[PDB]
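Right, one structure below, let's go through it.
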Amino acid sequence: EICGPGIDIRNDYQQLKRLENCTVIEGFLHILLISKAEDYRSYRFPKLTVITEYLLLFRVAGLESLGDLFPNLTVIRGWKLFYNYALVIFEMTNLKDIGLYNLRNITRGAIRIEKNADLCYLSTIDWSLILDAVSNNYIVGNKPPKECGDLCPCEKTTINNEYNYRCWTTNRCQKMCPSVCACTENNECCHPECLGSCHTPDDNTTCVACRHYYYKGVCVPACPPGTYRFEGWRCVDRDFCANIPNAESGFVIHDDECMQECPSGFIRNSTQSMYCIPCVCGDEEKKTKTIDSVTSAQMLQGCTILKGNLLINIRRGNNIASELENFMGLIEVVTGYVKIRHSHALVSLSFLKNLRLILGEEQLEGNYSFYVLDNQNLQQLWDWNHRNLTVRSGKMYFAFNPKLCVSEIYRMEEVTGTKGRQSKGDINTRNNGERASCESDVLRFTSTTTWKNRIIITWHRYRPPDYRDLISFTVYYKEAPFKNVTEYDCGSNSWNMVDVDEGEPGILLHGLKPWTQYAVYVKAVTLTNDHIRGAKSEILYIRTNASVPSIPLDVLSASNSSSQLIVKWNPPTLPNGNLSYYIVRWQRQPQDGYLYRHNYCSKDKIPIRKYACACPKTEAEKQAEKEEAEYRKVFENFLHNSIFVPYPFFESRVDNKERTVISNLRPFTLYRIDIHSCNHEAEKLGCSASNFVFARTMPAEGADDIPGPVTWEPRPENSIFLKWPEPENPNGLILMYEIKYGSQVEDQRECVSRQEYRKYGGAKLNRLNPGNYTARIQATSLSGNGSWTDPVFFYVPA
Amino acid sequence: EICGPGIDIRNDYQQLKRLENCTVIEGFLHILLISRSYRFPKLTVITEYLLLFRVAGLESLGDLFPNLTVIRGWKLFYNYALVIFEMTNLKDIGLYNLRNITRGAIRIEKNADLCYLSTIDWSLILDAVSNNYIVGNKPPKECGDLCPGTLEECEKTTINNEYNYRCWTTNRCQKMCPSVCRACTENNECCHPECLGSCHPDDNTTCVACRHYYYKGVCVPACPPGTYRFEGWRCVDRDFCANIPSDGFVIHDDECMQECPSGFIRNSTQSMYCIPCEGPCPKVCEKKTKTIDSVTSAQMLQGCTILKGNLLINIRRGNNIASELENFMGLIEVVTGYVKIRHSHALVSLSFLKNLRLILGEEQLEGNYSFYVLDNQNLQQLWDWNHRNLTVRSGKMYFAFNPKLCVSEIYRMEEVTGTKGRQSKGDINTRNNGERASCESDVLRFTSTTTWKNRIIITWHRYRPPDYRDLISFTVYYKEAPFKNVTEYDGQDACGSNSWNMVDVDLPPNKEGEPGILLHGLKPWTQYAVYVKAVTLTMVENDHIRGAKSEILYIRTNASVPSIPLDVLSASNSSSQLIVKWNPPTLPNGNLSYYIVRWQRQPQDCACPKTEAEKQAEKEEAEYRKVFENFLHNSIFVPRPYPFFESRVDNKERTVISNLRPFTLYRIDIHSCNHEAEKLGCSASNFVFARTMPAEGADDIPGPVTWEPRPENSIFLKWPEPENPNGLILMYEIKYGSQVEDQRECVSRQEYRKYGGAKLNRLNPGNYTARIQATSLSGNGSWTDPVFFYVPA
Amino acid sequence: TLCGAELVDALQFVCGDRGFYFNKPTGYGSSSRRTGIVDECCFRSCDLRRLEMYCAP
């Protein structure tokens with residue numbers, strides 16, 4: 001059952017009863033301003049399934065979700081939108097989710113849901129499968145994501161990056177249809193005259209809500225002759241439109257549609273007022289008519305004469321231009337001024353195609369007629385040798401519009417015959433289209449050059465149309481690692497300009513990072529009628545001469561074993577030339593002879609060798625910080641100016657990694673390791689400077705054992721000289737010898753240096769008491785203790 | 001023999017022989033990056049610093065400088081006097097004769113083998129020791145040097161309360177000349193104190209480095225009035241410097257200085273004399289234009305306050321320009337011709353020019369133009385101020401195509417520059433100059449604030465634009481500001497990051513929750529200056545946009561407790577007396593009042609930045625909601641038709657303390673009170689120990705040592721225990737013998753107390769004798785009377 | 001002056017129970033004479049007198 005032409009639910013919960021009856025809502029559906037002061041009784045309305053035009057929800061206190069109220073809503077074609085939209089919900093408390101599972105296909109508009117944080121389950125449901133212009137939707141301001149975290153009770157398809165739970169509530173899920181196609185309840189593309197779903201597949205009548213027209217239970221893509229196309233969803237008889245209560249103050253059959261009014265010169269035929277035969281809109285009150293949205297514009301469709309004004313401004317969206325053409329094109333003549341401001345999707349005014357005659361009668365201030373301002377992405381005026389245009393009166397103006405070409409205005413002032421009207425201000429030239437120009441004379445580079453830090457560019461000397469124009473030059477440039485770079489207009493590497501004035505005109509760029517592919521191009525600045533040309537030039541690339549590299553970093557190392565050394569480092573912060581390899585040198589380190597020179601057996605302590613928010617920076621700190629940095633700078637400035645030719649050293653040539661293992665080394669020895677980076681241009685340049693490191697090889701642990709049997713001998717007054725060989729390869733360096741011995745337990749402890757050991761070949765405790773005795777030795781190497789050697793016996797009798 | 005002016009040495013060991021001849025270096029001394037056997041005994045004294053950097057293959061220093069004695073440090077190196085850096089294979093600081101480092105402080109870092117360090121005092125060779133810098137050497141557990149004596153030393157001393165000898169290298173010793181008088185020589189003779197270092201005693205002609213000046217072989221504290229001082233050590237006659245190689249070294253205050261300092265200028269009449277004047281050195285600077293684009297191209301203007309010509313300012317961009325740009329040019333007084341600034345964008349306000357007072361324009365520009373500014377995208381503020389007696393007397397001014405400068409500012413110009421009736425009427429084209437600025441505003445006010453010593457809460461009024469909807473997102477600025485001569489254009493030069501830290505608050509979720517803010521991370525007792533500006537978003541323009549900003553407000557945190565004083569060190573001029581030296585604190589946190597000193601004997605054994613690319617992006621949204629809103633209302637509604645003691649260190653960083661006991665430890669604590677501790681509480685703690693080292697009078701026993709004819713042959717040496725030894729006896733040493741004491745008795749008190757004397761049993765009959773030097777807490781100094789335990793038959 | 005949401009609630013606070021007036025459309029002429037509110041109460045200020053014009057009878 002159908003209903004028209006609109007419903008206005010307001011202030012009266014009871015009033016909702018007006019939806020008791022039908023399911024085809026011709027016109028619109030307003031639901032606004034319903035206080036929850038009345039308790040909610042779940043007024044179900046199932047029959048309804050489709051509405052032609054927009055659906056509006058505004059401030060209905062007391063509603064929790066939508067399915068409760070609307071179970072069967074499937075499709076909304078949206079003939080006459082509501083501010084470029086089809087369904088809009090605004091300022092809704094109490095509202096938890098949108099139980100609109102049954103919806104599958106929405107045709108024209110977009111969805112705007114805003115300022116309702118009382119709700120979630122938004123980032124789930126995909127719309128792209130419903131409508132097309134997803135980029136015209138608008139959903140923010142509802143509850144932040146990190147407080148929602150909702151989970152479905154269904155299918156999972158990537159939501160622009162990844163799939164998750166697409167379910168219109170905690171009790172339903174998002175339907176879909178496999179790649180079969182129309183669609184049915186269970187996976188089948190029905191009669192291709194369908195929309196939404198069909199009861200049973202492939203029928204002219206069983207389709208739940210069939211698209212593309214409607215007629216007497218049938219679905220056709222073209223109404224029969226006696227019928228007519230009505231409201232873009234049905235077909236009608238002559239009698240029905242003959243009995244329509246217009247209340248515009250019977251529709252006119254034309255082109256087989258029941259249209260109410262008629263284009264110009266098409267008048268109700270004499271006694272056939274039901275038909276228009278061939279033989280202008282706006283009001284005198286407002287005198288102006290802004291245009292922002294299709295509703296603001298579709299309410300203008302069908303006019304050719306216009307009185308008033310044309311204020312135009314559009315903030316965002318997809319190719320609205322398509323629609324604005326599809327309507328405004330019929331316009332030809334306007335009385336008052338035309339003005340444009342802040343428009344951003346007006347790529348080009350081409351949609352006002354059939355405008356030819358402008359009056360400019362009621363002019364703006366300064367008696368202005370054609371007025372543009374600040375509109376960013378407008379790049380081309382429709383003025384081309386097809387559309388002539390004769391501005392009667394008034395004056396023009398342009399400002400800030402950065403994408404048009406500064407000569408398009410010239411063709412315009414040509415065609416409109418006002419080239420002798422406006423001043424340099426009235427049509428600015430400093431700041432219009434400057435961010436992209438059309439075309440001009442070309443220039444040629446005479447010759448380039450390159451040192452390691454400086455460059456002198458020479459272009460070919462230009463000559464102007466009239467020589468008394470001082471033709472100066474500018475030179476734009478920057479670093480470029482790539483070619484995905486424009487040329488058109490610091491800080492985060494944007495650009496840097498320089499100015500310049502009988503020799504060939506050249507210029508000198510200086511103090512440049514070595515080996516950086518700078519991009520350069522000259523631009524012609526005039527110094528003077530619109531007879532200016534200027535001259536762009538070519539995007540030239542230049543890589544500066546190579547230079548000596550910078551020392552490495554990250555210099556760390558250790559020993560996974562004896563005579564093996566692992567060292568990792570950092571590539572240079574300034575390679576300055578394609579990398580070639582690194583060099584590694586090393587040296588043995590002479591042990592500290594003082595250990596030799598000063599016996600430490602008698603010493604009371606022995607040495608050991610380990611092996612292998614944003615709190616804003618205040619002022620006073622920052623001062624000393626910068627000073628420290630300056631200090632290190634003036635310090636390494638010296639070492640920066642040195643060349644370097646590529647116990648002896650032993651070299652290496654590592655190129656691939658920044659870490660290496662070394663072999664062929666004595667065990668547990670102190671080593672030091674010089675490192676250099678080395679570019680591929682040091683054949684005559686010279687290889688990099690040096691940064692060192694220290695390291696100590698691994699024990700060897702296992703050689704502090706006395707290399708034989710520990711042997712004794714007696715002497716006169718009981719001086720037992722002991723014979724034990726020195727462990728030839730001590731762990732680093734051998735200091736002394738732990739000597740335990742005694743009658744029953746070797747409780748008594750003895751210390752034996754390396755002088756006496758070299759003085760006698762052992763040690764000798766003199767005047768010992770007799771009895772049965774045995775002895776042991778432990779060594780004292782550099783790594784630590786030795787090993788408590790075998791008990792050997794000796795019995796000086798009593 | 002003089003030797004100047006400096007010495008640069010690099011990459012050529014042989015270049016070292018550039019020193020073969022001279023004896024005193026009149027300048028700096030660099031040594032850098034050398035790839036044997038060399039000695040230079042001529043060198044005695046330096047006047048500038050000394051730098052050693054990465055010269056591998058060098059054994060010590062003194063082997064290259066065996067007679068560096070004193071370094072007068074007359075021209076430092078980044079506030080330093082001696083700097084070593086990265087000297088592989090340098091085992092030990094060979095310099096064993098450096099005596100009175102005048103000014104700087106040592107800087108030694110990252111050297112593999114620079115041990116023999118803690119075994120060298122600094123307190124007797126320079127005076128500001130605690131400003132040194134020592135890191136990255138051999139960690140103090142890995143070399144453990146020795147000192148000349150393995151059997152017996154030179155002297156040992158205290159510092160930081162410990163003992164050790166004082167030796168540079170294993171074959172040299174540091175030499176303290178004792179307190180005999182105080183300048184010295186070898187063998188401890190008191191030289192004529194007017195010299196320094198060494199003396200070849202009471203000589204005025206036979207020493208190495210005359211302190212305090214030098215003249216004609218004679219030490220002197222002031223050279224005669226014909227002899228003018230020079231380089232801080234030596235004087236010369238009048239004609240000398242004149243005949244020495246822009247003129248020479250002008251005479252001033254008995255000096256032949258290279259440049260006579262600030263506060264003077266040369267009397268061309270005898271141009272070698274410069275007279276003090278009243279002005280700040282009026283210096284002048286062919287052509288009449290002088291372009292500027294970046295920081296450097298101004299370099300040739302630093303200081304000359306008078307320029308003969310014009311200025312053409314064209315800066316595209318750079319770093320935080322205004323600061324150093326001004327510091328280069330900010331001194332200009334009066335420029336002759338015109339002034340013009342074109343196409344230059346990175347400028348925000350021209351205040352960097354400080355002292356433009358008179359601009360005369362004797363070279364006008366086309367059509368008699370003196371003041372020309374043109375197409376500067378980011379200029380907002382002219383230094384034309386409430387604080388300029390600026391004066392112009394020629395040419396018309398000109399202004400064109402500068403949006404960020406409203407006409408009301410430039411309007412006050414001619415009424416403060418006296419150039420009203422001179423300019424034409426189309427010059428100030430109110431069409432463009434000052435369109436998109438915001439110079440008319442509504443003024444915010446404040447309500448209240450609270451100030452914890454390190455936190456601030458401030459709250460201001462509630463703003464209400466003509467329309468409610470227009471976003472309000474307040475943005476607040478503050479900066480550390482020790483003064484009041486400050487207004488909001490200092491660093492806001494398209495960088496903005498110099499002199500206004502900024503944070504953002506957001507609209508309160510409360511319908512009537514008054515919007516204030518807390519700020520943290522502060523500095524106590526440091527006047528901040530804050531203010532707050534109301535970020536509208538939209539064309540609230542009736543004619544031009546409104547905008548709204550507070551007015552600047554100063555604040556300062558409540559005071560708080562001071563911190564620990566620095567560098568508690570101390571020396572004993574005598575035993576039983578101690579003198580302290582310490583460093584004033586770091587964060588006074590308020591006016592300092594005085595210090596607290598005590599002593600006590602001791603016992604025995606969420607980042608908040610705004611991503612601007614989002615910022616303006618957020619504007620449109622709330623803006624976009626605005627217009628969409630109004631369509632709703634415009635279409636719905638329809639009208640019907642152990643004691644311790646205390647003192648008050650009040651003014652000085654040095655105080656003695658008296659009447660102690662010698663060689664007795666003392667925990668020393670300095671506390672420091674601000675003027676706020678009386679209700680808050682005083683400093684934290686800083687401790688140090690300092691034994692008033694003795695005094696050998698009471699090391700040996702001054703009581704009579706009596707032997708005893710004992711039972712089975714033995715000698716009981718009953719000397720009474722001294723009542724007050726020099727502290728106490730560790731162990732007794734009794735050298736005994738027949739008549740020349742042949743062996744020595746070792747008696748600890750553990751071996752003495754239980755006895756109270758000394759017994760030697762089983763003696764070979766025959767007369768004997770002995771003597772005692774009790775190793776006491778002052779050490780084995782004075783000897784006892786040589787006791788006679790003669791035991792003949 | 002009032003604009004924004006501060007408007008809507010205020011109107012309830014002047015209507016309360018009585019609701020709002022709506023000019024119901026019946027025959028759906030493809031046209032409508034539609035000066036509103038924020039033209040009035042958001043560019044100048046308006047009294048609590050004329051607000052009745054919008055409140056239902």
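By order of appearance in the structure tokens: chains A, B, ..., then residues from 1 within every chain, and ligands from 1 in the order shown.
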Alpha helix (DSSP H) positions in region 245-388 of chain A, given as a PyMOL selection string: chain A and resi 294-298+320-328
Produce a file of the selected residues containing N, CA, C and O atoms, as a PDB file, in the first residue's frame.
```pdb
ATOM      1  N   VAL A 294      22.299  20.358  -3.778  1.00  0.00           N
ATOM      2  CA  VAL A 294      21.393  20.003  -4.858  1.00  0.00           C
ATOM      3  C   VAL A 294      19.973  20.446  -4.544  1.00  0.00           C
ATOM      4  O   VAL A 294      19.263  20.928  -5.431  1.00  0.00           O
ATOM      5  N   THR A 295      19.541  20.324  -3.289  1.00  0.00           N
ATOM      6  CA  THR A 295      18.221  20.829  -2.943  1.00  0.00           C
ATOM      7  C   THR A 295      18.123  22.313  -3.222  1.00  0.00           C
ATOM      8  O   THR A 295      17.155  22.766  -3.839  1.00  0.00           O
ATOM      9  N   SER A 296      19.126  23.077  -2.810  1.00  0.00           N
ATOM     10  CA  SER A 296      19.165  24.491  -3.135  1.00  0.00           C
ATOM     11  C   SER A 296      19.220  24.741  -4.632  1.00  0.00           C
ATOM     12  O   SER A 296      18.870  25.839  -5.069  1.00  0.00           O
ATOM     13  N   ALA A 297      19.597  23.746  -5.425  1.00  0.00           N
ATOM     14  CA  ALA A 297      19.715  23.892  -6.869  1.00  0.00           C
ATOM     15  C   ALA A 297      18.629  23.165  -7.640  1.00  0.00           C
ATOM     16  O   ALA A 297      18.104  23.711  -8.612  1.00  0.00           O
ATOM     17  N   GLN A 298      18.285  21.940  -7.242  1.00  0.00           N
ATOM     18  CA  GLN A 298      17.201  21.231  -7.909  1.00  0.00           C
ATOM     19  C   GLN A 298      15.907  22.022  -7.844  1.00  0.00           C
ATOM     20  O   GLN A 298      15.066  21.914  -8.740  1.00  0.00           O
ATOM     21  N   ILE A 320      29.762  16.813  -7.897  1.00  0.00           N
ATOM     22  CA  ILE A 320      28.551  17.618  -7.912  1.00  0.00           C
ATOM     23  C   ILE A 320      28.406  18.321  -9.247  1.00  0.00           C
ATOM     24  O   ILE A 320      27.292  18.476  -9.758  1.00  0.00           O
ATOM     25  N   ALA A 321      29.530  18.722  -9.847  1.00  0.00           N
ATOM     26  CA  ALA A 321      29.508  19.368 -11.154  1.00  0.00           C
ATOM     27  C   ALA A 321      28.616  18.633 -12.140  1.00  0.00           C
ATOM     28  O   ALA A 321      27.892  19.269 -12.910  1.00  0.00           O
ATOM     29  N   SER A 322      28.646  17.303 -12.128  1.00  0.00           N
ATOM     30  CA  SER A 322      27.750  16.543 -12.989  1.00  0.00           C
ATOM     31  C   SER A 322      26.304  16.965 -12.777  1.00  0.00           C
ATOM     32  O   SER A 322      25.610  17.356 -13.724  1.00  0.00           O
ATOM     33  N   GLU A 323      25.832  16.905 -11.535  1.00  0.00           N
ATOM     34  CA  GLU A 323      24.447  17.264 -11.270  1.00  0.00           C
ATOM     35  C   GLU A 323      24.169  18.718 -11.590  1.00  0.00           C
ATOM     36  O   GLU A 323      23.161  19.025 -12.233  1.00  0.00           O
ATOM     37  N   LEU A 324      25.043  19.620 -11.156  1.00  0.00           N
ATOM     38  CA  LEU A 324      24.804  21.032 -11.410  1.00  0.00           C
ATOM     39  C   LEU A 324      24.688  21.312 -12.894  1.00  0.00           C
ATOM     40  O   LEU A 324      23.907  22.173 -13.305  1.00  0.00           O
ATOM     41  N   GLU A 325      25.451  20.596 -13.714  1.00  0.00           N
ATOM     42  CA  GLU A 325      25.217  20.678 -15.145  1.00  0.00           C
ATOM     43  C   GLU A 325      23.852  20.130 -15.496  1.00  0.00           C
ATOM     44  O   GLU A 325      23.079  20.787 -16.200  1.00  0.00           O
ATOM     45  N   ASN A 326      23.519  18.951 -14.973  1.00  0.00           N
ATOM     46  CA  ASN A 326      22.265  18.302 -15.324  1.00  0.00           C
ATOM     47  C   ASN A 326      21.057  19.177 -15.025  1.00  0.00           C
ATOM     48  O   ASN A 326      19.955  18.861 -15.479  1.00  0.00           O
ATOM     49  N   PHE A 327      21.230  20.249 -14.275  1.00  0.00           N
ATOM     50  CA  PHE A 327      20.125  21.169 -14.056  1.00  0.00           C
ATOM     51  C   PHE A 327      20.364  22.558 -14.612  1.00  0.00           C
ATOM     52  O   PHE A 327      19.605  23.006 -15.472  1.00  0.00           O
ATOM     53  N   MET A 328      21.406  23.245 -14.159  1.00  0.00           N
ATOM     54  CA  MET A 328      21.596  24.649 -14.471  1.00  0.00           C
ATOM     55  C   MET A 328      21.783  24.912 -15.953  1.00  0.00           C
ATOM     56  O   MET A 328      21.582  26.051 -16.388  1.00  0.00           O
TER      57      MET A 328
END
```
Distance-based interface of chain C with chain B, 10 Å, counting only C-alpha atoms, as a VMD selection string: chain C and resid 1 to 8 20 to 23 34 to 39 42 to 44 50 to 57
Tell me, counting only C-alpha atoms, for each residue of chain B within 7 Å of chain A, which pair of atoms is nearest and how far apart they are in Å to one decimal, in rows ordered by chain and increasing number, as a tab-separated table.
```
residue	atom	partner	partner_atom	distance
B:142	CA	A:607	CA	7.0
B:317	CA	A:490	CA	6.2
B:521	CA	A:615	CA	6.8
B:606	CA	A:613	CA	3.7
B:607	CA	A:613	CA	4.0
B:608	CA	A:613	CA	6.9
```
Contact residues (chain C, partner chain A, 6 Å, only C-alpha atoms) as a PyMOL selection string: chain C and resi 19+27+29
Create the file for the chosen residues now, containing N, CA, C and O atoms and written as a compact mmCIF listing (two decimals), in the first residue's frame.
```txt
# COMPACT_ATOMS: atom_id res chain seq x y z
N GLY C 19 3.44 21.95 21.63
CA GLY C 19 4.02 21.55 20.37
C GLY C 19 4.24 22.73 19.45
O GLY C 19 4.09 23.90 19.82
N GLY C 27 -1.79 18.52 -1.33
CA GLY C 27 -1.85 18.10 -2.72
C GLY C 27 -0.50 18.00 -3.40
O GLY C 27 -0.44 17.64 -4.58
N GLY C 29 1.89 20.16 -4.56
CA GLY C 29 2.45 20.95 -5.62
C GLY C 29 3.97 20.86 -5.61
O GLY C 29 4.60 20.88 -4.55
```
Interatomic distance, CA of residue 94 (chain B) to CA of residue 211 (chain B) (Å, one decimal): 23.6 Å
Surrounding residues of residue 527 (chain B) excluding itself and chain neighbours under 6 positions, 8 Å, only C-alpha atoms, as a ChimeraX atom specification: /B:480-483,554-557
Output N, CA, C and O atoms of each residue in that selection to a file, as a PDB file, in the first residue's frame.
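Contents of again.pdb, freshly written:
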```
ATOM      1  N   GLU B 480      59.399  31.557  30.174  1.00  0.00           N
ATOM      2  CA  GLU B 480      60.285  31.987  31.237  1.00  0.00           C
ATOM      3  C   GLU B 480      60.787  33.386  30.930  1.00  0.00           C
ATOM      4  O   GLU B 480      61.300  33.646  29.843  1.00  0.00           O
ATOM      5  N   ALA B 481      60.633  34.300  31.884  1.00  0.00           N
ATOM      6  CA  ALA B 481      60.826  35.722  31.619  1.00  0.00           C
ATOM      7  C   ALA B 481      61.305  36.432  32.870  1.00  0.00           C
ATOM      8  O   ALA B 481      60.509  36.788  33.746  1.00  0.00           O
ATOM      9  N   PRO B 482      62.588  36.661  32.984  1.00  0.00           N
ATOM     10  CA  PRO B 482      63.116  37.309  34.188  1.00  0.00           C
ATOM     11  C   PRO B 482      62.925  38.814  34.218  1.00  0.00           C
ATOM     12  O   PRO B 482      63.551  39.496  35.029  1.00  0.00           O
ATOM     13  N   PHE B 483      62.082  39.355  33.355  1.00  0.00           N
ATOM     14  CA  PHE B 483      61.965  40.800  33.296  1.00  0.00           C
ATOM     15  C   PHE B 483      60.541  41.158  32.905  1.00  0.00           C
ATOM     16  O   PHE B 483      59.620  40.351  33.056  1.00  0.00           O
ATOM     17  N   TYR B 554      52.133  38.529  34.345  1.00  0.00           N
ATOM     18  CA  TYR B 554      53.301  37.926  34.974  1.00  0.00           C
ATOM     19  C   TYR B 554      52.905  37.155  36.224  1.00  0.00           C
ATOM     20  O   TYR B 554      51.892  37.454  36.855  1.00  0.00           O
ATOM     21  N   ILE B 555      53.731  36.180  36.593  1.00  0.00           N
ATOM     22  CA  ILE B 555      53.474  35.274  37.708  1.00  0.00           C
ATOM     23  C   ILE B 555      54.828  34.810  38.220  1.00  0.00           C
ATOM     24  O   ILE B 555      55.832  34.942  37.519  1.00  0.00           O
ATOM     25  N   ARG B 556      54.878  34.299  39.450  1.00  0.00           N
ATOM     26  CA  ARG B 556      56.058  33.610  39.958  1.00  0.00           C
ATOM     27  C   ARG B 556      55.663  32.577  40.997  1.00  0.00           C
ATOM     28  O   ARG B 556      54.845  32.842  41.877  1.00  0.00           O
ATOM     29  N   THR B 557      56.271  31.406  40.900  1.00  0.00           N
ATOM     30  CA  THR B 557      55.977  30.310  41.806  1.00  0.00           C
ATOM     31  C   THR B 557      56.343  30.663  43.245  1.00  0.00           C
ATOM     32  O   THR B 557      57.227  31.485  43.493  1.00  0.00           O
TER      33      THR B 557
END
```
Gap from CA of residue 342 (chain A) to CA of residue 375 (chain B) - Å, one decimal: 23.0 Å
Using only C-alpha atoms: which of B:262, B:327, B:15, B:558 has the shortest distance to residue 452 (chain B): B:558
Filtered DSSP result for region 547-726 of chain A, state strand (DSSP E or B), as an NGL selection string: :A and (553-561 or 564-570 or 579-588 or 654 or 659-662 or 670-679 or 691 or 694-696 or 711-713 or 720-723)
For CA of residue 134 (chain A) and CA of residue 627 (chain B), the interatomic separation in Å (one decimal): 21.5 Å
Do you know which residues are at most 9 Å from region 27-31 of chain B counting only C-alpha atoms, after dropping those on the same chain fewer than 5 positions away, and could you put them as a CSV table (one decimal) with C-alpha atoms, in the first residue's frame?
```
chain,number,residue,atom,x,y,z
B,3,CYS,CA,108.6,33.1,20.4
B,4,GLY,CA,105.3,33.9,18.7
B,5,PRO,CA,102.7,34.3,17.8
B,6,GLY,CA,101.3,30.9,17.9
B,7,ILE,CA,102.3,27.4,16.9
B,8,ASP,CA,100.3,25.1,14.6
B,9,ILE,CA,101.7,21.7,14.1
B,10,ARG,CA,100.3,18.8,12.1
B,46,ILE,CA,103.4,29.6,28.1
B,47,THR,CA,100.8,32.4,28.1
B,48,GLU,CA,98.0,30.7,26.2
B,49,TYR,CA,96.4,27.3,26.4
B,50,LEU,CA,97.8,24.0,25.3
B,51,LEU,CA,96.1,21.3,23.3
B,52,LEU,CA,97.0,17.7,22.5
B,53,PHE,CA,94.8,15.7,20.1
B,54,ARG,CA,95.4,12.2,18.7
B,55,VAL,CA,99.1,12.2,18.4
B,74,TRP,CA,96.1,34.4,29.3
B,75,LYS,CA,93.8,33.4,26.4
B,76,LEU,CA,91.8,30.3,27.2
```
Who sits within 12 Å of residue 793 (chain A), only C-alpha atoms, same chain under 6 positions skipped, as a list in words: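 Once the adjacent positions are removed, what remains is residues 709, 710, 711, 712, 713, 714, 720, 722, 740, 741, 742, 743, 744, 745, 746, 771, 772, 773, 774, 775 and 776 of chain A.
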For residue 71 (chain B): contacts at 10 Å, only C-alpha atoms, fewer than 3 positions along chain excluded, given as a PyMOL selection string: chain B and resi 25+44-50+68+74+81-82+98-104+209
